[PDB]
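In what follows, a structure is listed as structure tokens, so that the remarks can point back to it.
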Amino acid sequence: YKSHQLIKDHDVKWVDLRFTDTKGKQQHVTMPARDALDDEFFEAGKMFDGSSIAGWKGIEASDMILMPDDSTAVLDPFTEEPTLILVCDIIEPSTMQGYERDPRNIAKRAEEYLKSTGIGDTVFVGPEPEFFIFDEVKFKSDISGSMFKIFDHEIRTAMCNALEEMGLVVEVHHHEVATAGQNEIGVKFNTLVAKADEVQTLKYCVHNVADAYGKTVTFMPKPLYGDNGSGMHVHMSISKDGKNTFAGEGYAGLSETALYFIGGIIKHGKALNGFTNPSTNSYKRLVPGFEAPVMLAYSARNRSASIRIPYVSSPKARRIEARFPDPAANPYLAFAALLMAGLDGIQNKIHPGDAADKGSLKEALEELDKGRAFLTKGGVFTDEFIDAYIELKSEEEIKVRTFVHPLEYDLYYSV
Amino acid sequence: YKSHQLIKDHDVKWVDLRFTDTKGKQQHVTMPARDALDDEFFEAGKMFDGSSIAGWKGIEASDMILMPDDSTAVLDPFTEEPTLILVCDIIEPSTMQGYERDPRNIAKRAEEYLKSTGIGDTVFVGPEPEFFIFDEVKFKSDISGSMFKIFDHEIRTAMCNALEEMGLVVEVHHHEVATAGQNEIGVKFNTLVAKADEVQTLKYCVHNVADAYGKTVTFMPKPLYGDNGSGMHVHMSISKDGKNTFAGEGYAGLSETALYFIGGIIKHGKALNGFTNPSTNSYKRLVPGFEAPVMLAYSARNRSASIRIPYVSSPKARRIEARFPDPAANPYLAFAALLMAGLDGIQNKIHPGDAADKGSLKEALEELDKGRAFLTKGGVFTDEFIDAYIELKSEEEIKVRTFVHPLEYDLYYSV
Amino acid sequence: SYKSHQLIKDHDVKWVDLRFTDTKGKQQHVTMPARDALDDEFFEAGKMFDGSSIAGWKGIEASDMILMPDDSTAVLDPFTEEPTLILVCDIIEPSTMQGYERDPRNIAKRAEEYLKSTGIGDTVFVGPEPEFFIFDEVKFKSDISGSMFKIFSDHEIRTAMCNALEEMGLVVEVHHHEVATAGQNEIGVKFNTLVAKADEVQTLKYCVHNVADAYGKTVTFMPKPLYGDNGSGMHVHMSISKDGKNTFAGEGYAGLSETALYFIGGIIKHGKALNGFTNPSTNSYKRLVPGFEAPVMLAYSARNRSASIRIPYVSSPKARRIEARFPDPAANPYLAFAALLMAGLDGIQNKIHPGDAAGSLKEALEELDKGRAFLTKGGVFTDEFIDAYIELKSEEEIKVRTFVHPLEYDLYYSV
Amino acid sequence: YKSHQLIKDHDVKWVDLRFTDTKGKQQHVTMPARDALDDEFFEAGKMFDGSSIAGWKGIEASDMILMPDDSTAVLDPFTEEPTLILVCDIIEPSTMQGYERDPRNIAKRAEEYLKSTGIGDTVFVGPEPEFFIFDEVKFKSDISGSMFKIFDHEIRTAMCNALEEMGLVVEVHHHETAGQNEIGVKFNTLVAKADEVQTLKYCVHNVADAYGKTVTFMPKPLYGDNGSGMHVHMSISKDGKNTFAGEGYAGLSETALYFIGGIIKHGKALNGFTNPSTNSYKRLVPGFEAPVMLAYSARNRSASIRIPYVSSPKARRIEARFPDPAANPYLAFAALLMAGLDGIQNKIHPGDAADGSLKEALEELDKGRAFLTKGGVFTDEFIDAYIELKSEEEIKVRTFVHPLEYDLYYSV
């Protein structure tokens with residue numbers, strides 16, 4: 001176990017276990033390093049009580065065990081004392097299986113289902129998140145009124161260095177390509193679960209580094225009204241014994257398997273928004289007059305299409321690019337939903353039609369409720385989890401819809 | 001490759017790839033030094049998306065590749081960490097040729113056309129840009145009103161030192177020769193593309209040094225109403241197997257080839273203003289009662305002519321000096337347009353006439369739209385690029401023409 | 001998923017060092033630059049190697065062999081000036097990608113696999129106790145003119161040795177000092193499995209030699225360096241475990257089970273042949289003489305000191321084991337342990353009853369030659385290797401037997 | 001140019017031009033850095049007089065120009081002051097052509113001839129030269145008598161570090177018997193590999209001298225121990241395809257078989273260039289690793305040509321065992337390549353896989369010079385000069401009086 005060598009080498013004091021909740025926040029706990037020296041630590045885990053977390057309120061969450069994943073052990077750069085960072089999963093003590101409401105468990109089950117189906121062996125995915133940097137931000141809401149107000153190589157190199165030390169392979173750093181204050185950091189693709197963990201670590205590192213310089217950084221889909229929005233493209237492909245199953249001959253060198261994948265994604269697009277755009281702010285984006293994709297179609301050149309086929313000289317690098325997702329989406333759930341939607345299309349050989357050439361959160365939730373059929377396919381998802389998620393998001397939707405806004409005062413106060 | 005040697009020597013951390021857009025501004029991206037070691041970098045390039053840039057709104061622009069030019073690799077003096085600067089071109093991955101709307105590609109095509117025509121083997125060009133230095137400057141525009149307001153060996157030595165480290169060859173450094181706050185720095189002439197790149201680097205270095213010393217510097221053609229303007233004289237000549245093809249006998253020892261060159265430039269002068277004077281501010285300079293030229297004529301003594309023949313010790317150094325251009329002009333496009341006009345003059349053997357002895361942006365664009373014929377010879381320019389440029393420059397003219405001005409309030413508010 | 005990757009990354013190791021043991025029992029080593037080890041294919045393909053010059057491997061095969069590193073053994077060298085990574089290696093025939101016919105480590109691994117297949121048990125636990133001598137200086141010489149050997153004869157050095165072993169990664173338990181005679185020493189180390197313990201013995205020898213040389217003294221492991229003093233030995237404690245249960249533990253003489261009794265009976269029956277592997281030196285039989293601590297009679301006892309097999313008293317059944325007394329440090333660890341294990345397994349399988357509780361190298365080799373039957377059983381040993389080994393030892397046997405010794409000058413010079 | 005950049009960065013003071021003579025020793029000349037900055041330097045070279053060198057004793061050698069090769073510029077680690085090192089070719093002022101007696105020119109012409117022939121596109125060569133390390137050595141010879149007498153990780157790491165600073169890609173360091181060492185270096189093309197061999201020898205000598213020991217590459221320094229050879233792995237590539245790879249004995253193609261057959265047929269003559277020393281024939285005797293039989297096999301040790309096992313078809317190569325470290329690298333590699341090409345062109349069948357003296361070698365080379373002059377890379381003038389040069393050493397060794405004869409015949 002890599003943790004033993006790391007601890008022995010760098011006399012670590014504290015161990016930081018981390019796990020993501022339903023909403024997509026990394027909860028963490030800390031322990032002294034003494035316990036980790038026992039293999040029984042990795043064979044049994046540690047008692048935990050997650051009943052207080054938003055998505056897990058219930059009888060089951062009152063008793064759970066955390067199982068560390070030694071594959072992810074690293075050292076923390078920021079702490080003033082040697083600290084060992086680990087990711088963990090949640091296991092039910094009664095049955096020793098992964099908890100039903102764990103996004104990481106859901107993603108692993110999705111990978112297992114893909115492996116069992118025999119369509120392919122592995123899946124490679126690369127996201128392209130994006131964020132904004134500001135000097136200061138203020139906001140407030142109260143019965144009496146509301147406010148929100150907003151107010152180079154140094155920090156860019158600092159972020160790149162921090163990511164490198166944390167163990168990610170940077171590739172490019174786009175700066176203010178579209179509008180002021182917008183940045184993007186590319187990272188090499190990887191497998192599903194590993195890539196999700198990498199996204200979590202990237203967000204954490206960016207937040208800390210930006211804070212250290214007195215700035216602020218945000219991943220909101222659209223923080224400014226009359227400016228460009230922030231998206232997260234997703235490049236994806238499937239591999240079978242070293243063969244790019246998507247690579248082939250046809251439109252843009254795609255195979256019928258890839259075409260069926262696209263057709264399935266197109267068919268289930270409406271349901272996917274419940275996971276790839278789980279925010280009211282998200283739908284401020286996806287509006288005509290900006291870079292956002294407005295038309296649900298696939299094309300190789302048209303910019304308005306929601307699915308694109310980037311040019312790759314080598315057939316080994318054929319991939320599908322989905323444009324609609326947003327940073328607010330939970331990585332595990334979004335990737336699993338996309339994979340399931342594609343596999344559904346493949347299983348029925350749904351022809352996607354001609355390549356294109358020349359909404360709201362409430363509606364998305366309603367669509368998902370009816371379209372839940374394919375997600376439960378193979379037992380990866382469960383209706384219990386789906387219902388809990390739907391209720392959890394509906395609460396926020398209602399909260400937003402029932403409030404009053406200063407624009408209303410401007411428009412109607414005098415009348 | 002020189003880049004490999006430099007990286008190995010100085011353990012460079014970051015690579016800065018730079019290019020220019022249609023407006024003449026330098027955009028750049030950064031990468032970790034790792035990926036540049038393998039020759040595959042120089043054999044394939046890196047993916048890029050230029051759709052956001054002003055003049056590259058075409059759909060095909062969504063997926064461009066950047067091809068570095070190893071001949072220009074240098075080390076950055078300013079950056080704290082070792083950084084390797086390179087210039088790049090834009091290639092279309094579908095075809096594997098330079099993108100149509102790339103000014104550097106246009107300049108290279110112009111050089112190739114000259115070589116193929118065989119009138120000469122190479123062309124040497126030297127520009128003479130000026131600039132102004134101020135302590136502070138403020139400006140603002142809004143529906144409620146508009147505003148603009150203005151407010152030594154050390155800095156000159158610093159600028160010269162920075163240029164030398166960056167790799168240029170300074171020759172002379174003037175200082176307040178005609179008006180307060182004006183300066184110019186001579187630099188050794190060179191070939192077309194190399195000289196354009198040198199001009200870009202010169203602008204960058206001057207800006208950085210002036211900022212570092214707490215001043216401000218501007219290349220605006222005429223920032224002050226009552227004072228002189230900033231011109232950019234251009235000296236040029238053509239060489240064929242070591243022979244100064246312009247060197248000859250007759251008026252000022254000039255050959256008939258050079259005389260036809262002058263005649264062609266005179267004939268197409270009105271069209272060239274669309275490139276040599278691409279800003280409305282440019283035509284504030286071109287007015288009587290000042291250093292600026294007035295008449296479209298050539299003379300070795302008359303300082304009011306727009307073309308001149310400097311005295312030279314030997315025929316080897318015979319060259320033609322054009323006065324009307326301004327610093328705002330894009331180097332690549334201006335040089336290419338001048339070269340093509342001269343070549344057309346030579347081809348048609350247009351007699352320039354007698355040596356002289358004793359407008360507006362809208363008009364220039366209109367004239368260019370009809371005079372486009374010669375620019376398209378040999379496929380150096382394309383009508384789509386010309387039309388896009390014309391529209392892009394026309395938008396600014398419309399914006400400036402429609403807006404109100406404080407002088408109007410001064411003149412007419414009481415009437 | 002490799003210790004070596006992390007070690008190299010975290011300690012900027014410059015050099016890698018591959019080690020392997022030959023037939024005689026001496027560790028050969030070869031060095032590499034570190035950069036090559038970072039590729040995963042390194043552990044998949046090994047490195048080409050030519051061992052045809054080694055003593056026991058003289059043959060046609062030995063010209064094309066690959067060293068296959070074992071990542072489990074990676075460590076850092078304490079003694080070297082520059083950071084160096086030590087690895088152990090197996091030998092593979094490129095023809096079949098299988099273990100080499102004559103590799104002691106391969107033989108040991110095959111013996112473990114055969115035990116596992118037999119179904120008698122699951123793992124073997126082995127603990128050796130090699131003694132050794134420390135001296136101030138030693139000289140020796142032999143030539144046609146005569147022969148000579150001469151011997152010239154503390155917390156600090158013992159502490160240094162223990163520290164070095166701890167750094168190299170062993171688990172020390174006790175340090176006996178001059179219990180029986182002046183100059184003799186012993187370091188106890190925790191038991192382990194067969195192959196790992198065999199590797200640990202080699203590391204112990206290396207560390208002891210290096211520390212003794214560093215402090216300016218000399219050290220030896222030979223069975224009997226002095227005529228009047230005691231010899232040195234390797235008591236071997238052995239046990240077999242199945243599903244976490246000590247199979248030897250039971251009700252019987254000294255709390256032994258029928259399995260243990262059959263094991264002992266087999267060892268008793270085959271003891272004559274085992275001497276070929278456990279006592280491979282002529283000097284070994286100088287130790288095995290009456291009147292000292294060495295065993296004489298081939299029997300098993302719980303109290304008698306003359307028996308060659310003992311049943312030490314232990315606190316719990318978990319620790320029940322068998323102690324064999326005759327082996328000596330000159331033996332090759334892999335071959336010795338494998339031979340003992342196979343003899344015991346033959347005893348168990350044939351249900352040989354040991355009875356009731358209480359030579360020369362030439363004869364031992366003859367006995368092994370005629371009794372090889374029980375070693376080839378299961379394919380762990382092969383007649384080709386056995387013949388090669390016998391031929392290798394017979395040369396030394398003859399060379400010692402046919403020489404002229406100084407004592408003969410005392411006895412017969414004047415006769 | 002690489003040299004301009006290097007000088008500008010490291011404010012170099014001195015340039016050092018190096019070349020090799022017929023016997024293989026490397027001559028050098030120093031120069032102030034001022035003149036290297038001019039571009040006319042690399043276009044005109046420097047005037048030189050080589051008439052005093054062993055193999056070039058002719059009227060022609062009065063006026064020669066050294067043409068530096070920019071591709072080889074490096075920095076010296078051993079010098080106190082920053083020094084640049086460049087390799088040079090020799091050009092006749094009369095015709096601006098390479099000098100006939102320049103081994104580097106011969107090697108380059110051999111490469112060009114291969115390219116013209118159309119059989120392939122490039123050659124890959126890897127040598128494996130061994131050497132010996134000793135503590136002290138003495139030797140003397142005069143009318144009154146003759147005599148000679150002979151008397152770790154740190155040093156090996158030092159040599160590897162020095163080679164890395166030079167820019168060689170080290171791969172492995174074999175150690176042992178009783179003082180024998182080998183350092184593996186990644187293969188390369190012909191001329192570059194020859195230059196790398198020269199630099200390896202130079203660095204090893206300097207590093208050993210620094211620690212105070214001594215190092216020798218002579219093929220057999222001791223009577224009772226092993227010798228030192230230079231196994232040579234060779235391959236030919238065409239359009240990125242290993243032409244040797246194919247179906248057949250040990251996975252060899254007909255081209256490889258013809259190559260082997262040609263080498264076998266012309267092996268007797270090759271000894272002139274591959275073993276150009278009397279001492280080198282003390283090694284070629286039965287009872288040691290040295291091969292005696294002139295045949296090819298994949299298993300037998302005594303065969304002179306071997307087909308090593310390899311993982312992929314790309315790495316298929318031919319190994320020649322007989323060559324010797326005393327050989328001049330350029331001449332040796334060129335001779336091997338020409339023998340192989342003659343074999344391929346004439347389609348000589350090697351046969352079936354198995355399962356002298358310098359005087360004789362020189363006579364055989366003189367007799368069979370034909371295959372070397374084909375294509376015009378070697379010239380009868382150079383071959384005659386080389387034979388003439390080696391015959392003096394042969395005679396001088398043959399006609400001397402040796403101490404062993406005193407033991408055998410003094411009392412007879």
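The chains in the structure tokens are called A, B, ... from first to last as shown; in each chain the residues are counted from 1, and the ligands are counted from 1 in the order shown.
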Item to check | Spatial neighbours of residue 115 (chain D), max dist 12 Å, only C-alpha atoms, sep filter under 4 positions, as a PyMOL selection string | outcome: chain D and resi 108-111+119-123+236-239+341+375
Per residue of chain C within 7 Å of chain D, which atom pair is closest and at what distance in Å (one decimal), using only C-alpha atoms, listed by chain and increasing number, as CSV?
```
residue,atom,partner,partner_atom,distance
C:30,CA,D:174,CA,6.5
C:31,CA,D:173,CA,5.9
C:32,CA,D:172,CA,5.0
C:33,CA,D:171,CA,6.7
C:60,CA,D:299,CA,6.2
C:64,CA,D:309,CA,6.9
```
Can I get the residues of region 108-215 of chain D within 9 Å of region 75-93 of chain D, each with the closest pair of atoms and their distance in Å to one decimal, using only C-alpha atoms, sorted chain first then ascending number, as a Markdown table?
```
| residue | atom | partner | partner_atom | distance |
| --- | --- | --- | --- | --- |
| D:162 | CA | D:77 | CA | 7.8 |
| D:165 | CA | D:77 | CA | 7.2 |
| D:166 | CA | D:75 | CA | 7.7 |
| D:195 | CA | D:87 | CA | 8.5 |
| D:206 | CA | D:78 | CA | 8.4 |
```
Atoms kept (C-alpha atoms) for selection, written as a CSV table (one decimal), in the first residue's frame:
```csv
chain,number,residue,atom,x,y,z
D,162,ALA,CA,31.7,12.7,-18.1
D,165,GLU,CA,28.2,15.8,-20.2
D,166,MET,CA,29.8,15.2,-23.6
D,195,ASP,CA,32.7,10.4,-33.8
D,206,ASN,CA,41.0,11.7,-19.3
```
Checklist entry - Taking only C-alpha atoms into account, what are the residues of chain B at most 10 Å from chain D, put as a PyMOL selection string? => result chain B and resi 1-2+5-6+9-10
Generate a file of the selected residues that holds C-alpha atoms, formatted as a JSON list (two decimals), in the first residue's frame.
```json
[["chain", "number", "residue", "atom", "x", "y", "z"],
["B", 1, "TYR", "CA", 16.59, 22.89, -33.63],
["B", 2, "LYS", "CA", 17.64, 25.99, -31.72],
["B", 5, "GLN", "CA", 19.56, 23.81, -27.41],
["B", 6, "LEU", "CA", 18.11, 26.80, -25.54],
["B", 9, "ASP", "CA", 21.03, 25.13, -21.68],
["B", 10, "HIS", "CA", 18.72, 27.24, -19.51]]
```
Next on the checklist: What's around region 99-110 of chain B at 10 Å? Count only C-alpha atoms, leave out sequence neighbours fewer than 2 positions away in its own chain, and write the answer as an MDAnalysis selection string.
Outcome noted: chainID B and resid 19:24 55:56 58 60:61 64:65 88:93 95:97 112:116 192:193 196:197 330:337 339:340 375 377:382 384:386 388:389
Next on the checklist: So, with only C-alpha atoms as the atoms that count, which of C:2, C:49, C:191, C:248 lies closest to chain A?
Outcome noted: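 Going through C:2, C:49, C:191, C:248 one by one, the smallest distance to chain A is for C:2.
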Checklist entry - Near chain B, which residues of chain A fall within 8 Å when you count only C-alpha atoms, and what do they look like as a ChimeraX atom specification? => result /A:170-175,177-178,301-303,310-311
Item to check | Pairwise distance for CA of residue 280 (chain D) and CA of residue 230 (chain D), rounded to one decimal in Å | outcome: 11.6 Å
Checklist entry - What lies within 7 Å of residue 331 (chain C) using only C-alpha atoms, ignoring chain neighbours under 3 positions off, as a list in words? => result residues 277, 278, 279, 280, 328 and 336 of chain C
Next on the checklist: Just the number, please: distance in Å from CA of residue 198 (chain D) to CA of residue 82 (chain C), one decimal.
Outcome noted: 28.2 Å
Next on the checklist: Residues within 12 Å of residue 369 (chain C), please, as a PyMOL selection string. Count only C-alpha atoms; anything in the same chain fewer than 4 positions from it doesn't count.
Outcome noted: chain C and resi 272-277+362-365+373-376+383-391+394
Mind dumping the selected residues with C-alpha atoms as a PDB file, in the first residue's frame?
```
ATOM      1  CA  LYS C 272      22.435 -38.140   3.788  1.00  0.00           C
ATOM      2  CA  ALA C 273      21.626 -36.512   0.446  1.00  0.00           C
ATOM      3  CA  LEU C 274      20.696 -33.124   1.918  1.00  0.00           C
ATOM      4  CA  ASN C 275      24.312 -32.597   2.977  1.00  0.00           C
ATOM      5  CA  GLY C 276      25.130 -31.921  -0.667  1.00  0.00           C
ATOM      6  CA  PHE C 277      23.051 -28.738  -0.579  1.00  0.00           C
ATOM      7  CA  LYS C 362      32.861 -36.880  -1.645  1.00  0.00           C
ATOM      8  CA  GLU C 363      30.425 -39.233   0.077  1.00  0.00           C
ATOM      9  CA  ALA C 364      27.744 -36.539   0.246  1.00  0.00           C
ATOM     10  CA  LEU C 365      27.975 -35.889  -3.494  1.00  0.00           C
ATOM     11  CA  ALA C 373      14.857 -39.110  -6.896  1.00  0.00           C
ATOM     12  CA  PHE C 374      12.973 -37.068  -4.297  1.00  0.00           C
ATOM     13  CA  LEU C 375      14.197 -33.718  -5.667  1.00  0.00           C
ATOM     14  CA  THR C 376      13.010 -34.027  -9.274  1.00  0.00           C
ATOM     15  CA  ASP C 383      18.695 -33.750 -13.696  1.00  0.00           C
ATOM     16  CA  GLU C 384      20.566 -31.293 -15.913  1.00  0.00           C
ATOM     17  CA  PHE C 385      20.990 -28.795 -13.082  1.00  0.00           C
ATOM     18  CA  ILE C 386      21.841 -31.538 -10.589  1.00  0.00           C
ATOM     19  CA  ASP C 387      24.589 -32.865 -12.857  1.00  0.00           C
ATOM     20  CA  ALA C 388      25.942 -29.367 -13.452  1.00  0.00           C
ATOM     21  CA  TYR C 389      26.029 -28.731  -9.699  1.00  0.00           C
ATOM     22  CA  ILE C 390      27.796 -32.015  -8.938  1.00  0.00           C
ATOM     23  CA  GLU C 391      30.404 -31.334 -11.616  1.00  0.00           C
ATOM     24  CA  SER C 394      33.723 -32.056  -7.679  1.00  0.00           C
TER      25      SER C 394
END
```
